[PDB]
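Taking it in order: structure first as structure tokens, then the write-up.
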2 protein chains.
Amino acid sequence: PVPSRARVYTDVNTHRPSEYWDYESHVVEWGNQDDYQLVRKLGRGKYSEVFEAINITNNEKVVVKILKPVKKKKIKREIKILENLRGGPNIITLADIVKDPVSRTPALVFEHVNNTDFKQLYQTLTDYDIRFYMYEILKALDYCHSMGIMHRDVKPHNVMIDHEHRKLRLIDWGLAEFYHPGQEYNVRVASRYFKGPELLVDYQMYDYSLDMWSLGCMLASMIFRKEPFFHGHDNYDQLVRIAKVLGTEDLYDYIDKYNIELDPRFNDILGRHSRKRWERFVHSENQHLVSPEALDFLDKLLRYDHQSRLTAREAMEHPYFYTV
Amino acid sequence: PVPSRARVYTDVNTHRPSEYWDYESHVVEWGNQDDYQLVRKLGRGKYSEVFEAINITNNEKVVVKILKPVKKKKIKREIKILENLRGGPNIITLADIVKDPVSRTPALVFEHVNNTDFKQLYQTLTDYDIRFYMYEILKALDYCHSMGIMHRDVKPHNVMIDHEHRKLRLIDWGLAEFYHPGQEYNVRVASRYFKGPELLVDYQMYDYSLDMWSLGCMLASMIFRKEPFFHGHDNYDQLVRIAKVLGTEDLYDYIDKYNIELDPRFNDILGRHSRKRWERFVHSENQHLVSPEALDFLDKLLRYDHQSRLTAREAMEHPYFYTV
Ligand SMILES: O=P(O)(O)O[C@H]1[C@H](OP(=O)(O)O)[C@@H](OP(=O)(O)O)[C@H](OP(=O)(O)O)[C@@H](OP(=O)(O)O)[C@H]1OP(=O)(O)O
Ligand SMILES: Nc1ncnc2c1ncn2[C@@H]1O[C@H](COP(=O)(O)OP(=O)(O)O)[C@@H](O)[C@H]1O
Ligand SMILES: Nc1ncnc2c1ncn2[C@@H]1O[C@H](COP(=O)(O)OP(=O)(O)O)[C@@H](O)[C@H]1O
Ligand SMILES: COc1ccccc1-c1ccc(CN)cc1Cl
Ligand SMILES: [Cl-]
Ligand SMILES: [Mg+2]
Ligand SMILES: [Mg+2]
């Protein structure tokens, strides 16, 4: 397969010392969980149990993500990445790294966010709200991309929104990774609906643009009121669901441009599909959220070719955000 | 001790939401320092290392103040105040807040000022130049005072003057504080020469008028060519240097009025002093910078009683500024 490199922030990690990007050598200092009293369960997940808590030393509400001890390299990478991004625009703030004395279970302590419900926002968000919140996510992505980090799990559940205070935080940095140009990464990242074509065709030399695909999936689901936009039932089907909108002609041009090898499992399910016009997804239910600007912006995000996709910084200059 | 409050802008912070002055809760968004390339060192305070720099995204000269990580509350207060005052007349403009990815060191980014040398100005400034620059500082003071902020470190080193373009900027807002009427403040603020009598007698319920005393010290050093005007060798000796000029009779009256208690360490050193006439400091070396209006203005700034001092707004109305 043909090699590939990011169009932006290509060498930001190469021009930094080992200590910045080397998470496996970085020393983590685990505090005492006794400084925090647990209140209520909030969420759950891929090897985690989130709780609301109070820091008993200053009476502040915090969130305690109690990690299910899986690969130690993974915990170290999340801690290193959160530590490197701490302070960044719309990035969840890691406040402490603690261990419960008895259980010895690793736990991460974050700033508390009053998360408005996915279904509650999906019903109340105006055309202005979409542009505003999309822009806020772009601040977070351009920032972590400038810091040489690919989030690799962009989706609505990993975006905490407090609509009342108009606050947005990009959370769940457990799959995030340092970008090193020419590196081959595991393609078993991101949630199925948000997986870029590069992960589905098993093209390992992917970059920050992966997150731009995932962001495109989110925008399409909001403006068209169709969640998820690309509804795959499995990883193989996921590509088919992409091809049914972007067409099979550009999919082959993409695989050919990078000399990728398809899985014999695909020919029997892929088929032949025409490219669809973005306006065909417009209906009475969503037309108040749709605009020519929105369709042009989406079309520039949802591209098979990961190099042809708008960068977070280019995305910030798009006419769709002029009203913000 | 008797309570006291400012004569102007007394309740400006009380009539504003918590967001405005609660710097400890305010969320700071740290950008990427990679947008800036460092050129050279400029200054080196007790709290920071100041560097000239280039913004590599637009080829603009900026100043990057690399904060030595001391109390986090202090950094937050400085940021919040700079953010609140951003745009004000003759106030240094905070352009960015960034952190170097590797060092994770907090740094503040300001507009660049071509600072003319303290000793170079002291030798070239005419009677007119003094009146002009004195007025520009007053604009900055009246502004931050109207915004409920006390600079608390007014002195020539924290005033940047670009004489060529006649530009003045009040910098170094790291000791600045929100004024809340009736609050007791730490008296270990300002530089020794510029400390108002209230700090020396350990009177904690001080206001904006502290900034007017410091300004008076600056004026006296310029018009009389004697830097510093009140040359204390320590914080106790500092009150003695003032009393040798203002006299010990008014000193005691001031102490009695607010019921302040003197430190047994002043007994042996204070002594008895007559009030000196301001014309006693006129000599051949400085007589071209002195005038009756200059002496009247100074006399109205250099008063023991912090409530009897001109406010920045009253000072602008003074006959000393009619030629400007
Ligand atoms: O005598 P001090 O109370 O200490 O303070 C200063 C200082 O004195 P020192 O540095 O010798 O301690 C000046 O000295 P420099 O810093 O310039 O070297 C000195 O000036 P000269 O060296 O010119 O004598 C000046 O005295 P003056 O301005 O009256 O000549 C004097 O100031 P005070 O009289 O205000 O204390
Ligand atoms: N800072 C936070 N504020 C509020 N809720 C949070 C926060 N972090 C996590 N949660 C809740 O926990 C859930 C899982 O958190 P996340 O970090 O995504 O863990 P996982 O990796 O298990 O998904 C989120 O969907 C959210 O409901
Ligand atoms: N905007 C600026 N333009 C030019 N020089 C500056 C500027 N800001 C700071 N400096 C230089 O840096 C020095 C120290 O800056 P300052 O804000 O006073 O820091 P500190 O509180 O650590 O003393 C100043 O005395 C001045 O020489
Ligand atoms: C005693 O100083 C002053 C008195 C009156 C007016 C201006 C100044 C002044 C302010 C800042 C700088 C720059 N370091 C230089 C000077 Cl001369
Ligand atoms: Cl200077
Ligand atoms: Mg400064
Ligand atoms: Mg300074």
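Going by Swiss-Prot, the residues shown for chain B are 4-327, listed in order.
Using N, Cα and C of the backbone, Cβ positions are placed for all residues, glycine too.
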From the candidates B:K64, B:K68, give the one listed by Swiss-Prot for the same ATP site as B:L45, B:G46, B:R47, B:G48, B:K49, B:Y50, B:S51, B:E52, B:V53. B:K68
Given B:36-41, B:252-257, B:270-275, B:318-323, which one carries Swiss-Prot's region 'Interaction with beta subunit' label? B:36-41
For the region 'Interaction with beta subunit' (B:36-41), residues assigned helix / strand / coil by DSSP: 3 helix, 3 strand, 0 coil
Distant-in-sequence neighbours of the region 'Interaction with beta subunit' (B:36-41), which means Cβ under 8 A and at least six residues beyond its ends: 54-60, 65, 67, 99, 101-104, 110, 112
Cβ under 6 Å from an atom of ligand 5: which of these recorded positions qualify? The list is B:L45, B:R47, B:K49, B:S51, B:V53, B:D156. none
Under 6 Å from ligand 3 by C-beta, which of these recorded positions make it: B:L45, B:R47, B:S51, B:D156? Sequence order, please. B:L45, B:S51
Per DSSP, B:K49 (ATP binding site) is which: helix, strand or coil? coil
Other CB atoms within 10 A, centred on B:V53 (ATP binding site): 18
What is the separation, in Å, between the Cα atoms of B:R47 (ATP binding site) and B:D156 (active site, proton acceptor)? 16
